[PDB]
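Summary of structural features
The primary structure of each chain is shown beneath.
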Amino acid sequence: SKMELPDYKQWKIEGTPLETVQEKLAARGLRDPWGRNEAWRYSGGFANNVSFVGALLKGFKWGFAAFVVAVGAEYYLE
Amino acid sequence: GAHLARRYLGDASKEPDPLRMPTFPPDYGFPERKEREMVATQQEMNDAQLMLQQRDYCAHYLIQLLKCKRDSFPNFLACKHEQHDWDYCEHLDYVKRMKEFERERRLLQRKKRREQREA
Amino acid sequence: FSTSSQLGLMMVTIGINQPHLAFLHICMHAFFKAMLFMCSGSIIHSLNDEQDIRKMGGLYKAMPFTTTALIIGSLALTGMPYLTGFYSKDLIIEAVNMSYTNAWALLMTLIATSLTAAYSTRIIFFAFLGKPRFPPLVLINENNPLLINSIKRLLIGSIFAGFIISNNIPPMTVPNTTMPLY
Amino acid sequence: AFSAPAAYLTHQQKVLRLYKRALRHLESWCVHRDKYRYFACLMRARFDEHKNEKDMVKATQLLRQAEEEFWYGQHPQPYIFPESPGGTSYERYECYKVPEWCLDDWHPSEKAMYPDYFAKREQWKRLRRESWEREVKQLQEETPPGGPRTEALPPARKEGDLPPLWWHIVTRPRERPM
Amino acid sequence: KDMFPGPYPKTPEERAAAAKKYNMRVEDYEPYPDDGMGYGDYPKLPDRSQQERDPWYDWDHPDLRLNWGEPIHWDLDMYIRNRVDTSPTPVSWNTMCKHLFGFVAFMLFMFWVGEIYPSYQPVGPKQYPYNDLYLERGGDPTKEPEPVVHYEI
Amino acid sequence: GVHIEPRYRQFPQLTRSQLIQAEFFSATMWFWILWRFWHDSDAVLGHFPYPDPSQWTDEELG
Amino acid sequence: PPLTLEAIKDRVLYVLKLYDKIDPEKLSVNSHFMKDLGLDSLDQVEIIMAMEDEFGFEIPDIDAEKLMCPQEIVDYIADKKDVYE
Amino acid sequence: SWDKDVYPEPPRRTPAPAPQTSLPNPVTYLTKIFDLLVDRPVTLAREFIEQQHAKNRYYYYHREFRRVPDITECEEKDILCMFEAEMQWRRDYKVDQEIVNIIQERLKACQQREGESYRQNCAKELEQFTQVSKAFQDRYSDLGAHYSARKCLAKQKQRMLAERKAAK
Amino acid sequence: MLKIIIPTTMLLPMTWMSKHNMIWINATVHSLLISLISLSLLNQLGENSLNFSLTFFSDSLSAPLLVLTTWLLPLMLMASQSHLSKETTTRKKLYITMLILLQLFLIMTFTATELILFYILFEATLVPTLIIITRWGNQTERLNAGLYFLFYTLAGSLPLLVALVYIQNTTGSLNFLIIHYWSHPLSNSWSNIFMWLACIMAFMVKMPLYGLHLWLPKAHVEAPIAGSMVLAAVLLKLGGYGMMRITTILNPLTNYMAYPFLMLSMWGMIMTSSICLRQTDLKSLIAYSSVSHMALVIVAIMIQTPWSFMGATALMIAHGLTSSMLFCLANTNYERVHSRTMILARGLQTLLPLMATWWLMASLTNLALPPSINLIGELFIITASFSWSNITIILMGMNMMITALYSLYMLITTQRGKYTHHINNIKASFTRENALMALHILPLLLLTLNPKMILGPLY
Amino acid sequence: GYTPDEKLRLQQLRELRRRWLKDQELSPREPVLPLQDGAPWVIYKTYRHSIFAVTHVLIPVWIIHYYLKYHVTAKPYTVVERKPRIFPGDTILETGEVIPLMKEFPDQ
Amino acid sequence: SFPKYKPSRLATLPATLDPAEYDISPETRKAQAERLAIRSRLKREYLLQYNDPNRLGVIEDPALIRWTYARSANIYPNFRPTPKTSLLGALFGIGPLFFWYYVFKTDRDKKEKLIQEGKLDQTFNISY
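Residues numbered from 1 in each chain as written, not as in the entry; some residues may be left out. Chains lettered and ligands numbered in written order. Part of a larger assembly, values for the part shown. Heavy atoms only, no water. Residues with missing side-chain atoms left out of burial classes, pairs and counts.

Quick notes on the environment of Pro 53 of chain K
Inspection of the secondary structure assignment puts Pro 53 of chain K in the loop between α1 (26-50) and α2 (62-72). A residue is classified by how much of its surface remains accessible, and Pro 53 of chain K, at 26% relative accessible area, is partly exposed. What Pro 53 of chain K contacts, discounting residues up to four positions off in sequence, is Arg 128, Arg 129 and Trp 132 of chain D. (Helix = DSSP H or I, 4+ residues; strand = E, 2+ residues; numbered from the N terminus. Buried < 20%, exposed > 50% of the residue type's maximum accessible area, 1.4 Å probe, protein only. Contact = heavy atoms within 4.5 Å.)

Right under this line is the structure:
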């Protein structure tokens, strides 16, 4: 069950805000050499995260559906 | 908070003083005023162990609410009507106090108008 | 610091001469604040004893259950209606406004409520939202029955205890029935 | 494991330490990784700008002004690694660390609970007891006549000789004793 | 035993002997001013809290950040890591005092102003029956209270 | 016993129970909020009134 | 988290391979940054910071400056974390 | 077995149960379970122990001290009479302390029992303790650590001389 | 009272004629039995004292002190066994005989009916204490400490002797009963002022009073463990008992004369606790703590109110037990490391956990954690002072805060932190030492259940 | 970085430290002292649960109830209960009843 | 030109902002070398005693003994009655005593005056 590290080549600055930072640096003539090391943070499942409003409205869809069902029950029964 | 604005930023004499209220006598204006009748009796209150702050002109509705709450247990959702009744009585008492405040405001303004009439 | 601010709110409630409301706020604060601290402890243990929010990020999906618990706790703390906080804090503020009060005290209480919302936003935004900033080795694992059940009980409490207790307890204060909409 | 300190910090070493502190405080300010990378490359460029100053007085004055800038711009609550000094977990397990000599005071029943380990410990005790005299002799020989002018200690010169003053460093308690 | 601290040094030979006794450099060694306080020979070590000393360095006493044989500060117990700390602050001490004291003063001043101008509601006083609960509030039944009358609005 | 293998630089393994329970409790919170709001609205219990008429309280006018 | 010696070596080499200035092909356990590689002093500081961030433990500057080799970093981390295998 | 006159208790008025909902009352079933599980075994155990005690009933008696001449009638340096009077005064001091304790116990019980109406419905006990406290303070307070019957007599005489001066 | 006195006397021939092996064992058995016999005295009639004979009487004040002494002797023997092992048999027997003579003198002091006999034996207690300090102390300062102790006590006592003889000539008797029953008030005259000073100053020296307390730190630091135990537990309380007994004669002038001593004690408790904050020697810290508690007791006595006296008795007993245990705990570490410097030994909780628990409980009692009898006495004294003046609460509360600070500071420095690396002589705590700490603690916690035993006659 | 002598010393100490750590490992056997109370399979699921329930609540509740019976009788005023809120309604013994006569206005 | 950091007694000046750390001379380096030599000699002696397999007991540090003696014993022999010593002793010794005497005496006199005037409430003050 020994842990296996992922292939180092898979990490890339492309498609990440790190590429935008590198573009700004190249515009000012500088190059950042550590982008690939920080690439993993912006890549994979970590890439997509909800907004604060999205975080608050977690389960609101199912909650609203349950609310509609229960209100239908309450109104229908009487 | 607007009444506070009138009290502080504006002329203080026109606006009523909450501590001093009511300065003018009840007989002034209002040709006939009935005594605020108390529906509940003093013994009833003492027996029901109502809090002194709750021993007001609406203590009867609270007495009924307490009785319904004790009788309804375990069900705690069965006193909504009695709760509404007591709440409305408290609302009306608040409205009456607001009317007292407005009466004091107008009476102070009329006094200021008399003082203006002198000049 | 959130606990200290809530204690100050309770002391204010005592000052407004509304003791039973302060006791109610104590009762609700126990639930939601203990739950928030348990969520913090779970985050710390998952991230190998890391407590700085700057080194914590993107945990919304990494730790779903702790995230739900902390969101609910923050909403209760900030006075989201019909949660535990609503039955206590909303009544606290409403009584403070509708009473003979030091002006600066009332203003500071309102500002403090704003700041409570602010720091709830801070913890949620820096910790659960965004991209991961923790060290490479990912050891996140909340799948422990003790942790899950312990947080579950306080979650259910934060959601429903406010309503249950408020309905059951005898009325001890004359309610502020009518007040301006604002 | 710490190396013996030097009498003074060379100018290069001081510049390195200032660079490390500045990067760490910038990381504390720049919470997000991308912004940190941008401003860190900026700082690296700033160091490279005067990297090759020939006048040592000018470089020293630049160091002084940069240190003043660091003190003004230091993060009020800089990030501290959890086990680092000032960190949350610094010295947390210190009470759990127990010196090895506590073992010799065990009751014979407890020592019989783990015989084999104590045989190994007796072997280590024999080794230390044998090596002490040679270690002292080596320290005398290599020591300058005036006296040890640095905390550095010599390695083992010959086979069969243990490093001088090795016992406590080797037998220091485990970081996580439990 | 010369190791024990002696009187205040007055000759350079005395100063050198004291410096060697306290295992300090002669030029670094500086005895407390002989004003009769009783310090005598003991050196005036810098008032640096043990927090300031570098943690990373291997100290003979790690918890105290002190090495053996080093001269011990007269008020070391005061400047232990668990007690009074003099480590440099990000903000100037005077500025910190200014900000804190000003904040507290303004706070109290504004509270006093709020006392001058207390917030309230545009309502009249709450009216209570039975002469504002005269009896219920502990009023003497034997004595006759003023008959408080509340009329309807 | 390795229920969740620590992953070096990828999204951590999540068991389904975590997701299901978290979603259930968040949905319960939102359902409770909506249900209470629909059944009982704390907005107002009688609009804040103003007694404009002077004759209502006092109308001496001299 | 046993954190064996081989794991430490793999992670150190991983960080170094992710370093753009170092070319991955010639990177070796004994590849001195100063001599075998083209890294300067500031690059040594940066790689030390990267290592300490990867492993989450801070390397003191007096020890940090004297690494100068990936194998030295690996064994230093092993000494700090009490890795004996 | 405490005397009701010594420890008054207002008559108990307990409202009758008047349920208005169909839901079963948990308190009732829990109290019945508590009765069956606890109260009955405890009552049985006390029945057994009371039977055993009744098997061997023996009586203890409350001592009676005849009144003795007070320090007022005791002669000077008359150590025997002074001793008897001083011990009698000490016993009276203890009895007065106990009386104050009884009144305070009534006060506390009345505060708790009345509930939110304590301020009004306990006024009589408050007045009783007021009188008892004033008397006790006048009789015994400020005598000091080395209180003696002679010092109490001296306090009484000082008070009476002040009263005559007030009478002018 | 001879039921206690005569066996205590017989302890001496038994110790002298016992075999060299069995001296400690026999002494401990019979001293514990004597304490069990002394336990009977606790039963005190409320109205009147137990007047056993003309010479001896006991009240609710003397009985707790006698029980404390009889309990303290075996504890002193257990503590002093360790460091006297190397001594020759004759020297060990001499030490034990000094302890037994001290216990005998203390018992006779607390039970004596005549003030002159009380003075004779109360001054007689100096000789065994002085011999103990100056012969079995372990530092060169023991001679100076013994001189200071002896001369302070004698300078206080000799005017007391003159005053007692003058009282015998004037009133005609020094028996405490007769004095209490007749007790004619004093007049505010310079002669009576100086009689008041003469009567009070000997006990004010014995109870370490600020400005007269210099002997106590030297004596307690320089004395052996057993001598420190008696000095802290009973010898200081000798002053409290004397002051409480003697206050009957000086009834009115006390109001005028208390203010100097009252202020001295009230400020001195704060000063001595602040000294405790910065002490570098553990024994010295405990000594200054004792000074502060005794200053509280002095305030209680001078106030002369019933609650003050009850608190004074409770504090006397509780402080005696706490200080004796604290000295024993410090002595254990001193035996292990052979230094009294607080900083030298650190992190002993990891090395010796049960001793750390003993230290915790001892400090908690020292800082008056409720419902300890320490807090009962201190709280009663505080309430009495508040009735005396509401402004006393400021000083009393400040003293309480500083006591908590220094107690927990001693606990933290000695028993917490990293262990001192170089010290290797720490060994598992012996059953004797843990037994001694338990014998100190368990009675103290038990007395909380039935506090009327140590609340004094005025209860 | 280090001087060659420094490198050699560090390597030596490293080897010795790793040797010490590996010597800190125990053997396959942890010797223990050699049936005090018989316990075959004793249903820890429910039987031990019931035993805990009894010993921790039932025994204390019985003891406390007995102490309540003693203490209540031993001294007057030991147990004082708040006078039950007698809302206008039937009483058990007094059977008193009263109505405020809704002397008010119902509309809301 | 960022605002400068004013060092104080409880906020020492950082070594980084030390005006002397950037003004180094050969003699300063010599002094640093000498101090390092002293520390190295002391550390060598301590470690020699500390790693000795034969040693059993404390390593008596002369510095600690000196510190204790200077804090306790050496004070009085090296004390001289001087105007500062005398004035500070007088103040911090007797002044507080007289201050508390004044405060408490005034309070007690006020209370006694009220009691004599019968203008003090002790309605239930029956436990003194």
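Brief notes about the arrangement of the chains
Ranking the 29 pairs of chains in contact by number of contacts places chains E and K first. Regarding chain A and chain E, the two do not touch, and the least distance separating their C-alpha atoms is 28 Å. Note that chain B does not reach chain G: the shortest distance linking a C-alpha of one to a C-alpha of the other is 53 Å.

A short note on the interface of chain E and chain K
Interfaces are often sized by the accessible area lost when the parts come together. Facing the 47 residues of chain E at the interface are 39 residues of chain K. The largest contributions to the chain E side of the interface with chain K come from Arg 25, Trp 68 and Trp 74 of chain E, which together make up 20% of the buried area. At the boundary of chain E with chain K, the tally comes to 8 salt bridges. Residue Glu 34 of chain K pairs with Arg 25 of chain E through a salt bridge whose shortest N-O separation is 3.5 Å. For the side of chain E that touches chain K, the residue count by class is 19 nonpolar, 14 polar and 14 charged. (Buried area = accessible area lost by both parts, 1.4 Å probe. Salt bridge = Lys/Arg side-chain N within 4 Å of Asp/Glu carboxyl O. Nonpolar A, V, L, I, M, F, W, Y, C, P; charged D, E, K, R; others polar.)

Focus on the packing of helix α4 (residues 89-111) of chain I against helix α5 (residues 115-124) of chain I
Residue and element names in this part refer to chain I. Between α4 and α5, whose axes approach to 8 Å, the crossing angle comes to 155°. For the element pair α4 / α5, the angle class is roughly antiparallel. Here the hand of the crossing between α4 and α5 comes out left-handed. Along the contact surface, α4 presents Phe 105, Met 108 and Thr 109, while α5 presents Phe 118, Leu 121, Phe 122 and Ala 124. (Axes fitted to C-alpha atoms, helices over the stretch in contact; angles between N-to-C directions. Parallel < 35°, antiparallel > 145°, perpendicular 65-115°, else oblique. Left-handed = near helix turned anticlockwise from the far one by under 90°.)

Description of the state of the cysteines
Residue and element names in this part refer to chain B. As enumerated under the stated definition, the model contains 2 disulfides over all chains in all. The side chain of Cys 58 participates in a disulfide bridge whose partner is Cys 89; the two sulfur atoms lie 2.0 Å from each other. Because the torsion about its S-S bond is -80°, the bridge between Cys 58 and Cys 89 counts as left-handed. A residue pair is termed long-range when its members are at least 10 positions apart, and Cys 58 in the loop between α2 (42-48) and α3 (59-72) and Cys 89 in helix α4 (residues 80-118) qualify at 31 residues. We classify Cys 58 as buried; its relative accessible area is 0%. Residue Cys 68 pairs covalently with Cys 79 via a disulfide, S to S 2.0 Å. As the torsion about the S-S bond is roughly 140°, the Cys 68-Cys 79 disulfide counts as right-handed. Taken as a pair, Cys 68 in helix α3 and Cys 79 in the loop between α3 and α4 lie far apart in primary sequence, 11 residues in all. With respect to class, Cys 68 is no different from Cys 79; both count as buried. (Disulfide = S-S within 2.5 Å.)

Concerning helix α1 (residues 4-23) of chain J
Counting along an α-helix, one turn takes 3.6 residues, and residues three or four places apart therefore face a common direction. Under the 1.5 Å per step criterion, the end-to-end length of α1 of chain J is 28 Å for 20 residues, consistent within 8% with the ideal 28 Å. Taken together, the buried positions of α1 of chain J are occupied by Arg 9, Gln 12, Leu 13, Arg 14, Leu 16, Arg 17, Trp 20, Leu 21 and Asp 23 of chain J. In this structure, the buried residues of α1 of chain J make contact with α5 (115-142) and α6 (167-170) of chain D together with α4 (70-81) of chain G. (Expected span 1.5 Å × (residues − 1).)

Focus: the interface of chain D and chain J
Contact with chain D, which involves 26 residues of that partner, is made by 17 residues of chain J. Where chain D abuts chain J, roughly 2000 Å² becomes buried across the two surfaces, and 58% of that area is made up of carbon and sulfur atoms. Ranking the residues of chain D by area buried against chain J places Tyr 117, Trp 124 and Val 170 of chain D at the top, with a combined share of 27%. Inspection of the region where chain D meets chain J yields 2 salt bridges. Across the pair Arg 29 of chain J and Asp 116 of chain D runs a salt bridge whose closest N-O atoms are separated by 3.2 Å. Linking chain D with chain J are 9 residue pairs in polar contact, by the criterion used here. Elements supplying a minimum of two residues to the side of chain D that touches chain J: α4 (108-113), α5 and α6 of chain D. (Polar contact = N/O pair within 3.5 Å; in protein donor to acceptor, adjacent residues only side chain to side chain.)

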